[PDB]
Amino acid sequence: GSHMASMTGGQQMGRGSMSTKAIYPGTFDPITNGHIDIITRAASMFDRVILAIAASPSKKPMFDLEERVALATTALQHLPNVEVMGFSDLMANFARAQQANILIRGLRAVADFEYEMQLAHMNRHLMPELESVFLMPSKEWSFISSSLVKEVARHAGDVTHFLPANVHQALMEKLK
Amino acid sequence: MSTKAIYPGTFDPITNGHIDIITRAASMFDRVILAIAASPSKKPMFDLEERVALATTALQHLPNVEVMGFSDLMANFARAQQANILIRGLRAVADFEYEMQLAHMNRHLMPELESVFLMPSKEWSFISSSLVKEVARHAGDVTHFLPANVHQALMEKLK
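Sequence order for the protein chains is B and A.
The first sequence begins at -16 in PDB author numbering and counts up one residue at a time.
The second sequence begins at 1 in PDB author numbering and counts up one residue at a time.
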């Protein structure tokens, strides 16, 4: 009500809008225009957003953690309420450590919907106070992935439309 | 700063699943409007007045939620209401394809409207308005799936 701290600290649910802090996890190897679109949209609706970059992914990434964090930091510099960080745990544990209450997930294909629903249930089990939120990609970026952009670039296909300049330069450098 | 979300549907009637979605949405956005479609394609069991009244009571305990009817383009309603977020619940794969199509169309109609998707709690993952009605019509117990006000109104409709 006013000076009610003496009485209560407050609950998350039932009581109006709360401060929101979102994590957007991935490998971002490297970050594409599709990722930038998702995080831009998320940063417009939530107070703070962390782009969380996985340190040790299952498959060895083309860019190391340091390179991935640096490229993403530059690409997202124009968003005041976004921070880029590496992590090496369950997304649920990183979110707990970072006191985040929102998990951002991109939803590209029908094939992925089943898996995403399963992960959301598991994350609710691990961290009940973490809410998963799902954003569909713009039509423009609906077919791109980091993986497809790399494979196209490896055979000299034009991918300038799909990446920010900083990332495009770094990628060309990686491929000779 | 300010976020204002629309949660559209037929809500014929509102279920515990709907209430869960809007509760979660109201915790992350400043204001939420439950937008109830006036003239759905299939004739609903409850009329607009009944649907709006039942939902209003069911959601009365949420301070930052308003229930309204609407009978126009979701883009125009959202523009009229100065809303910047469209909430959809996402139950099944079949619904995701259709919702993705509508989201593309809505991006065309209203570029400044952001569509956001929430998955239902495990508890409510199989229930729909349609299924609850069909169960109740043949005397199955649906008390676990509806708020008391809605349960009472439904029993009344089937007598």
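Note that the Cβ used here is the ideal one computed from N, Cα and C, for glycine as well.
Complete runs of the beta strand (DSSP E) confined to the stretch 90 to 124 of chain A [at least 3 residues]: 114 to 118
Listed by chain order, chain A residues near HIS138/B by CB distance under 9 Å: Translated into the one-based positions of the first sequence, residue 138/B becomes position 155. Ordered by position in chain A, no residue passes the 9 Å Cβ test against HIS138/B, which lies about 30 Å from the chain.
Cβ-based neighbour list, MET45/B, same chain, cut-off 7 Å, excluding 5 preceding and 5 following: Here residue 45/B refers to the residue found at position 62 of the first sequence. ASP12, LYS133, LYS157.
Interface residues of the stretch 113 to 129 of chain A facing chain B [CB-CB below 8 Å]: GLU114, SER115, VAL116, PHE117, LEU118, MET119, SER121, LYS122
The stretch 77 to 85 of chain A contacting the stretch 24 to 37 of chain A, beta-carbon criterion three pairs below 8 Å: yes
Test item: CB-CB of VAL150/A and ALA58/A under 8 Å: Indexing the second sequence from 1 puts residue 150/A at position 150. Indexing the second sequence from 1 puts residue 58/A at position 58. In contact: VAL150/A and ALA58/A (Cβ atoms closer than 8 Å).
Backbone CA spacing between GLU123/A and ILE19/A [nearest angstrom]: As a working note, residue 123/A is residue 123 in the second sequence. As a working note, residue 19/A is residue 19 in the second sequence. About 12 Å.
Where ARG31/A sits in the DSSP three-state scheme: Taking the first residue of the second sequence as 1, we reach residue 31/A at position 31. In this structure, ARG31/A counts as strand in the three-state DSSP scheme.
For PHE70/B, the residue or residues it bridges with in DSSP: As a first step, residue 70/B must be located in the first sequence, where it is residue number 87. Answer by DSSP bridge pairing, in chain order: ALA37/B.
Close beta carbons around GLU114/A, own chain, < 6 Å, minus the five adjacent residues each side: In the second sequence, residue 114/A corresponds to position 114, counting from 1. Only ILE85 meet the Cβ criterion.
Opposing strand residues paired with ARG88/B [DSSP bridges]: Numbered from its first residue, the first sequence carries residue 88/B at position 105. The partner list for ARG88/B (beta bridge, DSSP) reads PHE117/B.
Near-chain B residues of the stretch 47 to 73 of chain A (beta-carbon distance less than 8 Å), N- to C-terminal order: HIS61, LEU62, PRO63, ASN64
Beta-carbon proximity check, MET105/B vs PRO8/B, cutoff 8 Å: Residue numbering aside, residue 105/B sits at position 122 when the first sequence is read from its first letter. Residue numbering aside, residue 8/B sits at position 25 when the first sequence is read from its first letter. No Cβ-Cβ contact shorter than 8 Å links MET105/B with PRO8/B.
Beta-ladder partner(s) of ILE6/B, from DSSP: The count along the first sequence starts at 1 and reaches residue 6/B at position 23. Looking at the DSSP assignment, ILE6/B forms a beta bridge with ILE33/B, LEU86/B.
Any C-beta of chain A under 8 Å from that of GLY(-7)/B: The residue given as residue -7/B occupies position 10 in the first sequence. Chain A, which has no Cβ nearer than 8 Å to the Cβ of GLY(-7)/B, makes this no.
Against chain B: residues of the stretch 95 to 107 of chain A by CB proximity under 7 Å: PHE96, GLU97, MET100, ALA103, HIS104
Residues that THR3/A contacts on chain B, provided the C-beta gap is smaller than 8 Å: Taking the first residue of the second sequence as position 1, residue 3/A is located at position 3. Under the 8 Å cutoff, chain B gives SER0, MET28.
Proximal residues of chain A, C-beta to C-beta of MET(-4)/B below 7 Å: The residue you call residue -4/B lines up with position 13 of the first sequence. The answer, in chain order, is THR23, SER27.
Short-range partners of chain B found in the stretch 74 to 92 of chain A, where Cβ spacing is below 9 Å: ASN84, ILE85, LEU90, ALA92
Coil, strand or helix - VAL142/B by DSSP: Here the question's residue 142/B lines up with position 159 in the first sequence. Looking at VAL142/B - three-state DSSP - the assignment turns out to be coil, as it is neither helix nor strand.
Residues of its chain near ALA83/B, where Cβ-Cβ distance is below 6 Å and the 5 sequence neighbours each way are ignored: Indexing the first sequence from 1 puts residue 83/B at position 100. Hits under 6 Å: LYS4, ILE6.
CB contact flag (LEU54/B, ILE14/B, <8 Å): Taking the first residue of the first sequence as position 1, residue 54/B is located at position 71. Taking the first residue of the first sequence as position 1, residue 14/B is located at position 31. Yes. Within cutoff.
Check whether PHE96/B and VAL93/A have beta carbons under 8 Å apart: Counting from one through the first sequence, the residue named residue 96/B turns up at place 113. Counting from one through the second sequence, the residue named residue 93/A turns up at place 93. If you check the CB distance, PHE96/B and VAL93/A come in under 8 Å.
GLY17/B to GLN152/B span [Cα, whole Å]: The sequence position of residue 17/B within the first sequence is 34, counting from 1. The sequence position of residue 152/B within the first sequence is 169, counting from 1. Looking at the two C-alpha atoms, the distance is approximately 18 Å.
Terminal residues of the alpha helix (DSSP H) in which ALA25/B lies: On the first sequence, position 42 is the one that residue 25/B refers to. Its alpha helix (DSSP H) spans residues 16 to 26.
Beta-carbon contacts of residue 205/B that lie in its chain and below 6 Å, excluding the five residues immediately before and after: Since the displayed chain B opens at -16 and closes at 159, residue 205/B lies outside it and no answer follows.
For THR56/B and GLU66/B, the rounded distance between their alpha carbons: Looking up residue 66/B in the first sequence gives position 83. Looking up residue 56/B in the first sequence gives position 73. One Cα belongs to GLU66/B, the other to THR56/B, and the distance between them is close to 8 Å.
Outcome for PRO147/B when other beta-carbon atoms lying within 10 angstroms are tallied against a minimum of 16: Looking up residue 147/B in the first sequence gives position 164. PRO147/B counts as buried, since at least 16 other C-beta atoms from the protein chains shown sit within 10 angstroms of its C-beta.
First and last residue of the uninterrupted alpha helix (DSSP H) at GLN81/B: On the first sequence, residue 81/B is found 98 positions in, with the first residue counted as 1. Counting along the chain, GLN81/B falls outside any alpha helix (DSSP H), and DSSP gives it neither H nor E.
Selected residue, minimal CA-CA separation from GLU99/B, among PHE126/B, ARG107/B, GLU112/B, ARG88/B: Taking the first sequence and counting its residues from 1, the one referred to as residue 99/B is at position 116. It is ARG88/B.
Cβ-Cβ distance between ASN64/B and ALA26/B below 8 Å: In the first sequence, the residue the question calls residue 64/B occupies position 81. In the first sequence, the residue the question calls residue 26/B occupies position 43. Contact: yes.
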